[PDB]
$ cat work.cif   # mmCIF, N, CA, C and O atoms
data_my_file
#
loop_
_atom_site.label_atom_id
_atom_site.label_comp_id
_atom_site.auth_asym_id
_atom_site.auth_seq_id
_atom_site.Cartn_x
_atom_site.Cartn_y
_atom_site.Cartn_z
N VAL A 247 0.83 -1.20 0.00
CA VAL A 247 0.00 0.00 0.00
C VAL A 247 0.87 1.25 0.00
O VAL A 247 0.58 2.23 -0.70
N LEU A 248 1.94 1.25 0.80
CA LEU A 248 2.83 2.41 0.83
C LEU A 248 3.49 2.63 -0.52
O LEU A 248 3.67 3.77 -0.95
N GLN A 249 3.88 1.55 -1.20
CA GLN A 249 4.45 1.68 -2.54
C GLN A 249 3.41 2.19 -3.53
O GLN A 249 3.73 3.02 -4.39
N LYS A 250 2.17 1.72 -3.43
CA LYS A 250 1.11 2.22 -4.30
C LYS A 250 0.92 3.71 -4.11
O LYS A 250 0.72 4.45 -5.08
N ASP A 251 0.95 4.20 -2.86
CA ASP A 251 0.72 5.65 -2.55
C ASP A 251 1.94 6.44 -3.05
O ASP A 251 1.75 7.41 -3.84
N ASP A 252 3.15 6.04 -2.66
CA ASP A 252 4.40 6.79 -2.99
C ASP A 252 4.67 6.72 -4.50
O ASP A 252 4.80 7.80 -5.13
N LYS A 253 4.70 5.52 -5.10
CA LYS A 253 5.10 5.37 -6.49
C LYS A 253 3.98 5.71 -7.47
O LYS A 253 4.22 5.72 -8.68
N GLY A 254 2.74 5.85 -6.97
CA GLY A 254 1.57 6.27 -7.79
C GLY A 254 1.17 7.68 -7.36
O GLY A 254 2.07 8.55 -7.36
N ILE A 255 -0.07 7.90 -6.90
CA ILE A 255 -0.57 9.27 -6.56
C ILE A 255 -0.37 9.48 -5.05
O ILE A 255 -1.18 8.88 -4.30
N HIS A 256 0.64 10.23 -4.58
CA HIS A 256 0.78 10.62 -3.14
C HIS A 256 0.05 11.97 -2.99
O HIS A 256 0.74 12.98 -2.73
N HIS A 257 -1.28 12.01 -3.21
CA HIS A 257 -2.09 13.27 -3.14
C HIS A 257 -1.54 14.23 -4.22
O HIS A 257 -1.80 15.45 -4.06
N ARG A 258 -0.95 13.73 -5.32
CA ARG A 258 -0.27 14.54 -6.39
C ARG A 258 -0.23 13.69 -7.67
O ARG A 258 0.82 13.11 -7.94
N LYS A 259 -1.33 13.55 -8.43
CA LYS A 259 -1.33 12.62 -9.55
C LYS A 259 -0.58 13.20 -10.75
O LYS A 259 0.36 12.57 -11.26
N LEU A 260 -0.92 14.42 -11.15
CA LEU A 260 -0.27 15.02 -12.31
C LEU A 260 1.21 15.27 -12.05
O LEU A 260 2.06 14.95 -12.88
N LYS A 261 1.52 15.86 -10.89
CA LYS A 261 2.89 16.30 -10.63
C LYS A 261 3.79 15.13 -10.23
O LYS A 261 4.99 15.14 -10.52
N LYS A 262 3.27 14.14 -9.50
CA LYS A 262 4.11 13.04 -8.91
C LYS A 262 3.89 11.68 -9.59
O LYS A 262 4.89 10.94 -9.76
N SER A 263 2.65 11.32 -9.99
CA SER A 263 2.43 9.95 -10.42
C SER A 263 3.20 9.62 -11.69
O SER A 263 3.75 8.52 -11.82
N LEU A 264 3.28 10.57 -12.62
CA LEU A 264 3.85 10.27 -13.93
C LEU A 264 4.83 11.34 -14.42
O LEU A 264 5.06 11.44 -15.63
N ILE A 265 5.42 12.12 -13.52
CA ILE A 265 6.51 13.02 -13.88
C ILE A 265 7.85 12.40 -13.54
O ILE A 265 8.76 12.36 -14.38
N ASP A 266 8.00 11.90 -12.31
CA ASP A 266 9.17 11.10 -11.98
C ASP A 266 9.15 9.78 -12.73
O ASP A 266 10.20 9.27 -13.14
N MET A 267 7.96 9.20 -12.93
CA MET A 267 7.87 7.98 -13.72
C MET A 267 8.21 8.23 -15.18
O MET A 267 8.75 7.34 -15.85
N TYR A 268 7.91 9.42 -15.70
CA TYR A 268 8.38 9.78 -17.03
C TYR A 268 9.90 9.82 -17.08
O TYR A 268 10.52 9.35 -18.05
N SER A 269 10.53 10.38 -16.05
CA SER A 269 11.98 10.38 -15.98
C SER A 269 12.52 8.96 -15.91
O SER A 269 13.56 8.66 -16.52
N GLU A 270 11.83 8.07 -15.20
CA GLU A 270 12.26 6.68 -15.15
C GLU A 270 12.11 6.01 -16.50
O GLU A 270 12.96 5.20 -16.88
N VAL A 271 11.03 6.34 -17.24
CA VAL A 271 10.74 5.82 -18.62
C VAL A 271 11.87 6.28 -19.55
O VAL A 271 12.22 5.52 -20.47
N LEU A 272 12.36 7.53 -19.40
CA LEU A 272 13.46 8.04 -20.20
C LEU A 272 14.78 7.39 -19.80
O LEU A 272 15.59 7.03 -20.66
N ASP A 273 15.00 7.19 -18.50
CA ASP A 273 16.25 6.60 -18.04
C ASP A 273 16.36 5.15 -18.48
O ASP A 273 17.42 4.71 -18.93
N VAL A 274 15.27 4.39 -18.36
CA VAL A 274 15.31 2.99 -18.73
C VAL A 274 15.47 2.83 -20.24
O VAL A 274 16.17 1.92 -20.71
N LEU A 275 14.84 3.71 -21.04
CA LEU A 275 14.94 3.62 -22.54
C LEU A 275 16.34 4.08 -22.96
O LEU A 275 16.85 3.56 -23.96
N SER A 276 16.93 5.09 -22.30
CA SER A 276 18.31 5.46 -22.58
C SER A 276 19.29 4.39 -22.14
O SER A 276 20.35 4.24 -22.76
N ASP A 277 18.96 3.63 -21.09
CA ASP A 277 19.80 2.52 -20.68
C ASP A 277 19.74 1.39 -21.70
O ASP A 277 20.77 0.84 -22.10
N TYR A 278 18.53 1.02 -22.14
CA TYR A 278 18.34 -0.05 -23.16
C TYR A 278 18.95 0.46 -24.48
O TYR A 278 19.92 -0.18 -24.98
N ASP A 279 18.43 1.56 -25.03
CA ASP A 279 18.89 2.15 -26.33
C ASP A 279 19.81 3.36 -26.08
O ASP A 279 19.27 4.42 -25.72
N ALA A 280 21.13 3.22 -26.23
CA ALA A 280 22.08 4.33 -26.20
C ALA A 280 21.73 5.39 -27.23
O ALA A 280 21.89 6.58 -26.97
N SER A 281 21.17 4.97 -28.39
CA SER A 281 20.68 5.88 -29.47
C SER A 281 19.30 6.42 -29.09
O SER A 281 18.60 5.71 -28.34
N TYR A 282 18.85 7.56 -29.64
CA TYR A 282 17.57 8.25 -29.26
C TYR A 282 16.50 7.99 -30.34
O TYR A 282 15.51 8.74 -30.37
N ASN A 283 16.65 6.95 -31.18
CA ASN A 283 15.66 6.62 -32.25
C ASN A 283 14.35 6.22 -31.55
O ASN A 283 13.26 6.71 -31.96
N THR A 284 14.42 5.30 -30.59
CA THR A 284 13.24 4.92 -29.77
C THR A 284 12.75 6.11 -28.95
O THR A 284 11.52 6.27 -28.85
N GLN A 285 13.66 6.93 -28.38
CA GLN A 285 13.33 8.08 -27.48
C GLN A 285 12.69 9.24 -28.28
O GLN A 285 12.51 10.31 -27.66
N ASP A 286 12.41 9.10 -29.58
CA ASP A 286 11.73 10.14 -30.41
C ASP A 286 10.28 10.37 -29.89
O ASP A 286 9.90 11.52 -29.82
N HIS A 287 9.47 9.39 -29.49
CA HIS A 287 8.07 9.66 -29.03
C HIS A 287 8.09 10.38 -27.66
O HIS A 287 7.03 10.92 -27.30
N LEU A 288 9.23 10.38 -26.93
CA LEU A 288 9.38 10.94 -25.55
C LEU A 288 9.93 12.39 -25.59
O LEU A 288 11.16 12.54 -25.57
N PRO A 289 9.10 13.47 -25.47
CA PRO A 289 9.58 14.86 -25.54
C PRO A 289 10.50 15.20 -24.38
O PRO A 289 10.52 14.56 -23.33
N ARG A 290 11.29 16.26 -24.60
CA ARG A 290 12.16 16.80 -23.58
C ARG A 290 12.20 18.31 -23.73
O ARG A 290 11.95 18.86 -24.80
N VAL A 291 12.53 18.98 -22.63
CA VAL A 291 12.77 20.42 -22.62
C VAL A 291 14.26 20.59 -22.89
O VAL A 291 15.10 20.45 -21.99
N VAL A 292 14.59 20.91 -24.14
CA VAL A 292 15.97 20.90 -24.62
C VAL A 292 16.46 22.33 -24.72
O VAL A 292 15.82 23.18 -25.36
N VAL A 293 17.60 22.61 -24.09
CA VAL A 293 18.25 23.92 -24.14
C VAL A 293 19.51 23.78 -24.97
O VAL A 293 20.43 23.04 -24.60
N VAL A 294 19.57 24.49 -26.09
CA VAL A 294 20.73 24.48 -26.97
C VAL A 294 21.10 25.92 -27.31
O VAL A 294 20.34 26.86 -27.07
N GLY A 295 22.28 26.08 -27.88
CA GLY A 295 22.73 27.40 -28.30
C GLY A 295 24.24 27.45 -28.43
O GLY A 295 24.89 26.44 -28.68
N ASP A 296 24.80 28.67 -28.41
CA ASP A 296 26.23 28.92 -28.80
C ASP A 296 27.10 29.12 -27.55
O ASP A 296 26.95 28.31 -26.63
N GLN A 297 27.90 30.19 -27.46
CA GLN A 297 28.84 30.49 -26.33
C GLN A 297 28.18 31.57 -25.45
O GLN A 297 28.92 32.41 -24.95
N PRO B 400 32.51 44.14 -45.60
CA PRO B 400 31.25 43.76 -44.90
C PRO B 400 31.46 42.57 -43.94
O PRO B 400 32.11 41.63 -44.35
N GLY B 401 30.90 42.62 -42.71
CA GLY B 401 31.12 41.57 -41.67
C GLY B 401 30.51 40.22 -42.02
O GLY B 401 29.39 40.23 -42.54
N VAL B 402 31.18 39.10 -41.69
CA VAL B 402 30.68 37.70 -41.94
C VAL B 402 29.47 37.41 -41.04
O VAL B 402 29.48 37.90 -39.92
N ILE B 403 28.49 36.61 -41.49
CA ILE B 403 27.26 36.25 -40.69
C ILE B 403 27.08 34.71 -40.76
O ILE B 403 27.10 34.18 -41.89
N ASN B 404 26.96 34.01 -39.62
CA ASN B 404 26.85 32.51 -39.60
C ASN B 404 25.53 32.12 -40.27
O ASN B 404 25.53 31.15 -41.07
N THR B 405 24.44 32.85 -39.97
CA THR B 405 23.07 32.55 -40.48
C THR B 405 22.53 33.75 -41.26
O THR B 405 22.64 34.88 -40.74
N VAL B 406 22.06 33.55 -42.50
CA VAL B 406 21.34 34.63 -43.23
C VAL B 406 20.02 34.75 -42.47
O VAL B 406 19.45 33.71 -42.19
N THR B 407 19.54 35.94 -42.13
CA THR B 407 18.27 36.14 -41.38
C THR B 407 17.12 36.30 -42.38
O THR B 407 17.45 36.61 -43.53
N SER B 408 15.84 36.09 -42.02
CA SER B 408 14.78 36.51 -42.93
C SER B 408 14.81 38.01 -43.20
O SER B 408 14.16 38.46 -44.15
N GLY B 409 15.54 38.78 -42.40
CA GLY B 409 15.72 40.19 -42.63
C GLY B 409 16.81 40.54 -43.61
O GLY B 409 17.04 41.72 -43.88
N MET B 410 17.55 39.54 -44.10
CA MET B 410 18.62 39.73 -45.11
C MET B 410 18.36 38.78 -46.29
O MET B 410 17.86 37.67 -46.05
N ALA B 411 18.68 39.19 -47.51
CA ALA B 411 18.52 38.36 -48.69
C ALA B 411 19.38 37.11 -48.58
O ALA B 411 20.46 37.13 -47.98
N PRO B 412 18.94 35.99 -49.18
CA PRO B 412 19.59 34.70 -48.90
C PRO B 412 21.08 34.67 -49.17
O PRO B 412 21.81 33.94 -48.49
N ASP B 413 21.58 35.38 -50.19
CA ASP B 413 23.02 35.26 -50.62
C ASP B 413 23.93 36.15 -49.77
O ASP B 413 25.08 36.34 -50.20
N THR B 414 23.51 36.70 -48.62
CA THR B 414 24.36 37.69 -47.90
C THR B 414 25.69 37.09 -47.42
O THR B 414 26.75 37.66 -47.77
N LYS B 415 25.68 35.90 -46.79
CA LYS B 415 26.93 35.23 -46.31
C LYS B 415 27.76 34.84 -47.54
O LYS B 415 29.01 34.95 -47.48
N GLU B 416 27.12 34.33 -48.60
CA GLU B 416 27.84 33.85 -49.81
C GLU B 416 28.58 35.03 -50.47
O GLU B 416 29.77 34.87 -50.86
N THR B 417 27.91 36.19 -50.61
CA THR B 417 28.52 37.42 -51.22
C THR B 417 29.65 37.91 -50.30
O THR B 417 30.71 38.32 -50.83
N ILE B 418 29.45 37.87 -48.98
CA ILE B 418 30.48 38.36 -48.00
C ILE B 418 31.71 37.46 -48.17
O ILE B 418 32.82 37.99 -48.10
N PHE B 419 31.54 36.14 -48.34
CA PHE B 419 32.68 35.18 -48.46
C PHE B 419 33.48 35.50 -49.74
O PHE B 419 34.72 35.45 -49.70
N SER B 420 32.81 35.79 -50.87
CA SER B 420 33.48 36.16 -52.15
C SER B 420 34.24 37.48 -51.93
O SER B 420 35.32 37.66 -52.53
N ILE B 421 33.64 38.44 -51.22
CA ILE B 421 34.28 39.75 -50.84
C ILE B 421 35.45 39.49 -49.89
O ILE B 421 36.40 40.30 -49.89
N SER B 422 35.32 38.52 -48.98
CA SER B 422 36.35 38.17 -47.96
C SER B 422 37.60 37.64 -48.68
O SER B 422 38.63 37.63 -48.06
N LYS B 423 37.51 37.17 -49.94
CA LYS B 423 38.66 36.71 -50.71
C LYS B 423 39.64 37.83 -51.00
O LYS B 423 40.76 37.55 -51.45
N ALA B 424 39.26 39.09 -50.77
CA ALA B 424 40.19 40.20 -50.95
C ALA B 424 41.45 39.99 -50.11
O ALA B 424 42.53 40.47 -50.48
N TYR B 425 41.33 39.28 -48.99
CA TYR B 425 42.47 38.92 -48.16
C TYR B 425 42.75 37.42 -48.12
O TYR B 425 43.91 37.03 -48.01
N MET B 426 41.71 36.58 -48.22
CA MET B 426 41.92 35.14 -48.14
C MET B 426 42.80 34.65 -49.28
O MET B 426 43.53 33.66 -49.12
N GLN B 427 42.75 35.31 -50.43
CA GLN B 427 43.57 34.96 -51.58
C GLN B 427 44.62 36.02 -51.88
O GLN B 427 45.19 36.03 -52.98
N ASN B 428 44.89 36.91 -50.93
CA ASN B 428 45.83 38.01 -51.14
C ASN B 428 47.01 37.85 -50.19
O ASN B 428 46.90 38.18 -49.00
N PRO B 429 48.16 37.35 -50.67
CA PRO B 429 49.35 37.31 -49.81
C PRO B 429 49.83 38.69 -49.39
O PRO B 429 50.59 38.79 -48.42
N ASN B 430 49.43 39.75 -50.08
CA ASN B 430 49.85 41.10 -49.76
C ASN B 430 48.87 41.83 -48.85
O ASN B 430 49.06 43.02 -48.60
N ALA B 431 47.85 41.15 -48.35
CA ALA B 431 46.85 41.77 -47.50
C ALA B 431 47.20 41.56 -46.03
O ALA B 431 47.67 40.48 -45.64
N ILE B 432 46.97 42.59 -45.22
CA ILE B 432 47.13 42.51 -43.77
C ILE B 432 45.74 42.52 -43.15
O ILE B 432 44.93 43.41 -43.44
N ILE B 433 45.47 41.54 -42.29
CA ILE B 433 44.14 41.30 -41.76
C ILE B 433 44.12 41.69 -40.29
O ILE B 433 44.94 41.21 -39.50
N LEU B 434 43.17 42.54 -39.93
CA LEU B 434 42.86 42.84 -38.54
C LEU B 434 41.66 41.99 -38.15
O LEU B 434 40.53 42.27 -38.56
N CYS B 435 41.90 40.94 -37.36
CA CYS B 435 40.85 40.03 -36.95
C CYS B 435 40.15 40.61 -35.73
O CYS B 435 40.79 40.84 -34.70
N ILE B 436 38.85 40.97 -35.81
CA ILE B 436 38.14 41.73 -34.73
C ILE B 436 37.12 40.81 -34.01
O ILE B 436 35.95 40.77 -34.44
N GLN B 437 37.54 40.06 -32.98
CA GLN B 437 36.64 39.22 -32.11
C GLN B 437 35.78 40.16 -31.26
O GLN B 437 36.31 41.22 -30.87
N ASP B 438 34.51 39.82 -30.94
CA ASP B 438 33.67 40.62 -29.99
C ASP B 438 34.14 40.24 -28.57
O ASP B 438 34.14 39.03 -28.29
N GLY B 439 34.48 41.19 -27.69
CA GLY B 439 35.05 40.87 -26.35
C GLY B 439 34.06 40.10 -25.47
O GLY B 439 34.50 39.15 -24.76
N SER B 440 32.78 40.47 -25.47
CA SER B 440 31.72 39.82 -24.64
C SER B 440 31.55 38.35 -25.04
O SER B 440 31.40 37.50 -24.13
N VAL B 441 31.55 38.05 -26.35
CA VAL B 441 31.25 36.67 -26.84
C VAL B 441 32.55 35.86 -26.66
O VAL B 441 33.64 36.49 -26.65
N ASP B 442 32.46 34.54 -26.55
CA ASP B 442 33.66 33.67 -26.31
C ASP B 442 34.46 33.53 -27.62
O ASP B 442 33.84 33.59 -28.66
N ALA B 443 35.76 33.23 -27.58
CA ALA B 443 36.68 33.16 -28.76
C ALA B 443 36.22 32.06 -29.74
O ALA B 443 36.30 32.29 -30.98
N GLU B 444 35.73 30.90 -29.26
CA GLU B 444 35.33 29.74 -30.13
C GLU B 444 34.04 30.06 -30.92
O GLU B 444 33.79 29.39 -31.94
N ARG B 445 33.23 31.04 -30.48
CA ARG B 445 31.93 31.40 -31.13
C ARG B 445 32.17 32.16 -32.45
O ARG B 445 31.38 31.96 -33.41
N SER B 446 33.18 33.03 -32.54
CA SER B 446 33.38 33.90 -33.74
C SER B 446 33.66 33.10 -35.03
O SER B 446 34.26 32.01 -34.92
N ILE B 447 33.30 33.65 -36.21
CA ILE B 447 33.50 33.02 -37.56
C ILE B 447 34.80 33.57 -38.17
O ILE B 447 35.30 32.95 -39.13
N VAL B 448 35.33 34.71 -37.71
CA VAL B 448 36.61 35.20 -38.24
C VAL B 448 37.70 34.15 -38.11
O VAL B 448 38.67 34.16 -38.88
N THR B 449 37.58 33.24 -37.15
CA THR B 449 38.64 32.26 -36.92
C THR B 449 38.88 31.40 -38.15
O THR B 449 40.03 31.10 -38.48
N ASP B 450 37.81 31.00 -38.83
CA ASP B 450 37.97 30.14 -40.00
C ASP B 450 38.32 30.94 -41.24
O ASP B 450 39.05 30.45 -42.10
#

$ encode --input "work.cif" --output "structure tokens"
Amino acid sequence: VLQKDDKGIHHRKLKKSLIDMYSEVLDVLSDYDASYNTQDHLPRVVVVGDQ
Amino acid sequence: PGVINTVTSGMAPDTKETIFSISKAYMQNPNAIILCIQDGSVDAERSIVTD
């Protein structure tokens, strides 16, 4: 029950249930696939630029 | 005329290409003396004068 509350909705479904789990989904897919071909359906907030 | 990494929608497409042909006044001139003018605020690796 404690795992269900903590790892699912701890009174925070949008912010906690699937935001850290999204990071876990990205970490596990980056662990399986070193390339980002599979990670194309998974958006990221990407900061790029010059000097 | 100064070199530009990206032609802007505010400049006609051939602006960098025309500047490069003009830049040959020294690139192909053994008798030319070049004052290379880096911007102090921007980092040394960012400037296009280097190439």

$ interface_residues --input "work.cif" --of "chain B" --to "chain A" --cutoff "9 Å" --atoms "only C-alpha atoms" --output "list in words"
residues 441, 442, 443, 444 and 445 of chain B

$ atom_distance --input "work.cif" --atom1 "CA of residue 437 (chain B)" --atom2 "CA of residue 292 (chain A)"
28.6 Å

$ resolve_selection --input "work.cif" --expression "the PyMOL selection byres ((chain B and resi 400) around 6)" --output "PDB file with N, CA, C and O atoms, in the coordinates of the input"
ATOM      1  N   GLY B 401      30.900  42.620 -42.710  1.00  0.00           N
ATOM      2  CA  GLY B 401      31.120  41.570 -41.670  1.00  0.00           C
ATOM      3  C   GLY B 401      30.510  40.220 -42.020  1.00  0.00           C
ATOM      4  O   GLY B 401      29.390  40.230 -42.540  1.00  0.00           O
ATOM      5  N   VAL B 402      31.180  39.100 -41.690  1.00  0.00           N
ATOM      6  CA  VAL B 402      30.680  37.700 -41.940  1.00  0.00           C
ATOM      7  C   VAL B 402      29.470  37.410 -41.040  1.00  0.00           C
ATOM      8  O   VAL B 402      29.480  37.900 -39.920  1.00  0.00           O
ATOM      9  N   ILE B 418      29.450  37.870 -48.980  1.00  0.00           N
ATOM     10  CA  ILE B 418      30.480  38.360 -48.000  1.00  0.00           C
ATOM     11  C   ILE B 418      31.710  37.460 -48.170  1.00  0.00           C
ATOM     12  O   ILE B 418      32.820  37.990 -48.100  1.00  0.00           O
TER      13      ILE B 418
END

$ select_by_dssp --input "work.cif" --residues "chain A" --states "helix (DSSP H, G or I)" --output "list in words"
residues 248, 249, 250, 251, 252, 253, 259, 260, 261, 262, 263, 266, 267, 268, 269, 270, 271, 272, 273, 274, 275, 276, 277, 278, 284, 285 and 286 of chain A

$ residues_around --input "work.cif" --residues "residue 252 (chain A)" --least-positions-apart "5" --cutoff "7 Å" --atoms "only N, CA, C and O atoms" --output "ChimeraX atom specification"
/A:247,262-263

$ write_last_selection --input "work.cif" --atoms "N, CA, C and O atoms" --output "mmCIF file, in the coordinates of the input"
data_model
loop_
_atom_site.group_PDB
_atom_site.id
_atom_site.type_symbol
_atom_site.label_atom_id
_atom_site.label_comp_id
_atom_site.auth_asym_id
_atom_site.auth_seq_id
_atom_site.Cartn_x
_atom_site.Cartn_y
_atom_site.Cartn_z
ATOM 1 N N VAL A 247 0.830 -1.200 0.000
ATOM 2 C CA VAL A 247 0.000 0.000 0.000
ATOM 3 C C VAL A 247 0.870 1.250 0.000
ATOM 4 O O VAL A 247 0.580 2.230 -0.700
ATOM 5 N N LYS A 262 3.270 14.140 -9.500
ATOM 6 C CA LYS A 262 4.110 13.040 -8.910
ATOM 7 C C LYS A 262 3.890 11.680 -9.590
ATOM 8 O O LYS A 262 4.890 10.940 -9.760
ATOM 9 N N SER A 263 2.650 11.320 -9.990
ATOM 10 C CA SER A 263 2.430 9.950 -10.420
ATOM 11 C C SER A 263 3.200 9.620 -11.690
ATOM 12 O O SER A 263 3.750 8.520 -11.820
#

$ atom_distance --input "work.cif" --atom1 "CA of residue 438 (chain B)" --atom2 "atom C of residue 405 (chain B)"
17.3 Å

$ residues_around --input "work.cif" --residues "region 268-278 of chain A" --least-positions-apart "4" --cutoff "10 Å" --atoms "only C-alpha atoms" --output "PyMOL selection string"
chain A and resi 262-264+282+284-285+288-290

$ atom_distance --input "work.cif" --atom1 "atom C of residue 250 (chain A)" --atom2 "atom N of residue 266 (chain A)"
13.6 Å

$ decode --input "work.cif" --residues "region 268-279 of chain A" --atoms "N, CA, C and O atoms" --output "JSON list (two decimals), in the first residue's frame"
[["chain", "number", "residue", "atom", "x", "y", "z"],
["A", 268, "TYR", "N", 7.91, 9.42, -15.70],
["A", 268, "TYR", "CA", 8.38, 9.78, -17.03],
["A", 268, "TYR", "C", 9.90, 9.82, -17.08],
["A", 268, "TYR", "O", 10.52, 9.35, -18.05],
["A", 269, "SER", "N", 10.53, 10.38, -16.05],
["A", 269, "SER", "CA", 11.98, 10.38, -15.98],
["A", 269, "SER", "C", 12.52, 8.96, -15.91],
["A", 269, "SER", "O", 13.56, 8.66, -16.52],
["A", 270, "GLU", "N", 11.83, 8.07, -15.20],
["A", 270, "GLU", "CA", 12.26, 6.68, -15.15],
["A", 270, "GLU", "C", 12.11, 6.01, -16.50],
["A", 270, "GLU", "O", 12.96, 5.20, -16.88],
["A", 271, "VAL", "N", 11.03, 6.34, -17.24],
["A", 271, "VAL", "CA", 10.74, 5.82, -18.62],
["A", 271, "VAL", "C", 11.87, 6.28, -19.55],
["A", 271, "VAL", "O", 12.22, 5.52, -20.47],
["A", 272, "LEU", "N", 12.36, 7.53, -19.40],
["A", 272, "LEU", "CA", 13.46, 8.04, -20.20],
["A", 272, "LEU", "C", 14.78, 7.39, -19.80],
["A", 272, "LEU", "O", 15.59, 7.03, -20.66],
["A", 273, "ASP", "N", 15.00, 7.19, -18.50],
["A", 273, "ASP", "CA", 16.25, 6.60, -18.04],
["A", 273, "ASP", "C", 16.36, 5.15, -18.48],
["A", 273, "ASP", "O", 17.42, 4.71, -18.93],
["A", 274, "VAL", "N", 15.27, 4.39, -18.36],
["A", 274, "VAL", "CA", 15.31, 2.99, -18.73],
["A", 274, "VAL", "C", 15.47, 2.83, -20.24],
["A", 274, "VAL", "O", 16.17, 1.92, -20.71],
["A", 275, "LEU", "N", 14.84, 3.71, -21.04],
["A", 275, "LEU", "CA", 14.94, 3.62, -22.54],
["A", 275, "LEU", "C", 16.34, 4.08, -22.96],
["A", 275, "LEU", "O", 16.85, 3.56, -23.96],
["A", 276, "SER", "N", 16.93, 5.09, -22.30],
["A", 276, "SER", "CA", 18.31, 5.46, -22.58],
["A", 276, "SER", "C", 19.29, 4.39, -22.14],
["A", 276, "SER", "O", 20.35, 4.24, -22.76],
["A", 277, "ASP", "N", 18.96, 3.63, -21.09],
["A", 277, "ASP", "CA", 19.80, 2.52, -20.68],
["A", 277, "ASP", "C", 19.74, 1.39, -21.70],
["A", 277, "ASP", "O", 20.77, 0.84, -22.10],
["A", 278, "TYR", "N", 18.53, 1.02, -22.14],
["A", 278, "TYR", "CA", 18.34, -0.05, -23.16],
["A", 278, "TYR", "C", 18.95, 0.46, -24.48],
["A", 278, "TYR", "O", 19.92, -0.18, -24.98],
["A", 279, "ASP", "N", 18.43, 1.56, -25.03],
["A", 279, "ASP", "CA", 18.89, 2.15, -26.33],
["A", 279, "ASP", "C", 19.81, 3.36, -26.08],
["A", 279, "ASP", "O", 19.27, 4.42, -25.72]]
